[PDB]
């Protein structure tokens, strides 16, 4: 079980699943070995009915696609479609929120409102929307319309790119024709250019993919902006994570997926109906989070994080999960089958994301509170059915300090310098107390023992005084292994980094340091890390590709993460990836993504499967950036 997951709670449930004969993601992975080498290297194409075509990585025929498509065209086309699909996921999430805000300020969905008025006003002015002398509802309606307008061509490029990056970065990207003209416009253009008999030049294709990855960046940043307006900007909070946050005597309700439009309401309504849940024999309604929508409500409300990503089925295996409430993205469809064995009520809520065998509850913002009631009443009903059943909840949980929005980080720094809050951070970068900054992002992947890369790389960087921030299931991995607990700062952090986390935490009325890793939220909240390092760049008067800042998608899986890794490279960051995407079948494509893209954007991918080597390479990249500033290292 150790080779499957480094999480001891996950290992315990893996033993339970094995003895009850419940097939898991790891069993399904084992049944799939050896995986197809053509698909693993990227040398397969099904873009037309003359296929499927493949290309031998080495040896004799086939050496070329039936239409004449070369290995480098086929590899670049497949990558582009992955970026476009990721963009479409983050795009759809942000679009849903844009519609939710518009409905709310037009009086159509009273369950939603402008919760963060100061974020609303700062966004409107970043966009150049006039605020002075306007109702909030009219400013918000303007912001929502501007959001929806970034999805298509108009007289301006995508403002959720051009107004969020340093102007020097925007100029460099414009010179290469990489600024998106519209979010869905770019997605559609990728799908066109990669279809049969279209674009057949690897470099041209990859440039289109960089541009589409910035459409994904725009979607993430818009998603974060809109969610903060509607639901509040995160501020530091304390909670717990891992399976031990389930309680045998409560109605345990998992919010799972990505979009909090639904799960933020479930959080609110669940408070009301705990009276209704005592009547069924529960202590209350124990809302817990899985994946990114769990991160959303953990970041805003302190909802304990139950589990993440590859291990999401294990929460059900406890026998104590009465309902799991789905919106979309990263939901293993196996949960619908597994629930027949574990008793859990699996509920889908979104029209374009249903799973055969799960109960569907049509959710609409106009009727959000009634929907939450209907769903939570199914959860309460399920809790009654398993009264007197034995459950096996592993007694394993960690303390999690989270909620580090960019606004919260700046506010926390302002206690050391009120008029120049970024200067203390830059000060300790310059003098070596902070070697640099590393963002961990992305998913877990069944190919990698769960959390192994995240924790191994994090341990090394923290010892070397790197300030580590994390999002999505990367934050999930670190939070479940204690990296978000301030009690662990002495163990994990080098003395320079320790000094800075202590100084900031003490000045923020804590008596104790900041946690070893700053949790910056969900996957769309990778945009928060952009807003932070962009402000650092603007305060220093340099571009992002001169900052000692790197990223690591240490165990990535989803097309969304492929898009994120690509826009990390596109905005100038050295970007480590811990699972090879299907590009090794083309040396020219691999060479562009790991080397020569440096000459376009200043960022580059770092392909490294071994996490100890990965950390060395990430430290080397941080130290090259320090040298380019003339800093000691």
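Positions refer to the first chain, counted from 1.
A.B. asks: Taking only the CA atoms, which stretch has the higher mean B-factor in the record, 438-446 or 387-395?
C.D. replies: Result: 387-395.
A.B. asks: With respect to the recorded C-alpha B factors, which stretch has the higher mean value, 150-158 or 129-137?
C.D. replies: Taking the mean B-factor of the alpha carbons in each, 129-137 is higher.
A.B. asks: Determine which member of 507, 561, 164, 215 has the highest CA B-factor, using the values in the deposited entry.
C.D. replies: Among 507, 561, 164, 215, the PDB entry lists the largest C-alpha B-factor for 507.
A.B. asks: Going by the CA temperature factor in the entry, name the top one among 404, 112, 454, 221.
C.D. replies: If I rank 404, 112, 454, 221 by C-alpha B-factor, first place goes to 112.
A.B. asks: Could you tell me which third, lowest, middle or highest, the C-alpha B-factor of residue 103 occupies within its chain?
C.D. replies: Its C-alpha B-factor belongs to the highest third of this chain's values.
A.B. asks: Quick one: classify residue 25 as lowest, middle or highest third of the chain based on its Cα B-factor.
C.D. replies: Within its chain, residue 25 is a lowest-third residue by C-alpha B-factor, going by the deposited values.
A.B. asks: Against its chain's modelled residues, does residue 236's Cα B factor rank lowest, middle or highest third?
C.D. replies: Within its chain, residue 236 is a middle-third residue by C-alpha B-factor, going by the deposited values.
A.B. asks: Based on the entry's values, in what third of the chain does the Cα temperature factor of residue 545 lie: lowest, middle or highest?
C.D. replies: Middle third of the chain for residue 545's C-alpha B-factor.
A.B. asks: Divide the modelled residues of the chain into thirds by Cα B-factor and specify which third, lowest, middle or highest, holds residue 296.
C.D. replies: Middle third, going by the recorded CA B-factors of the chain.
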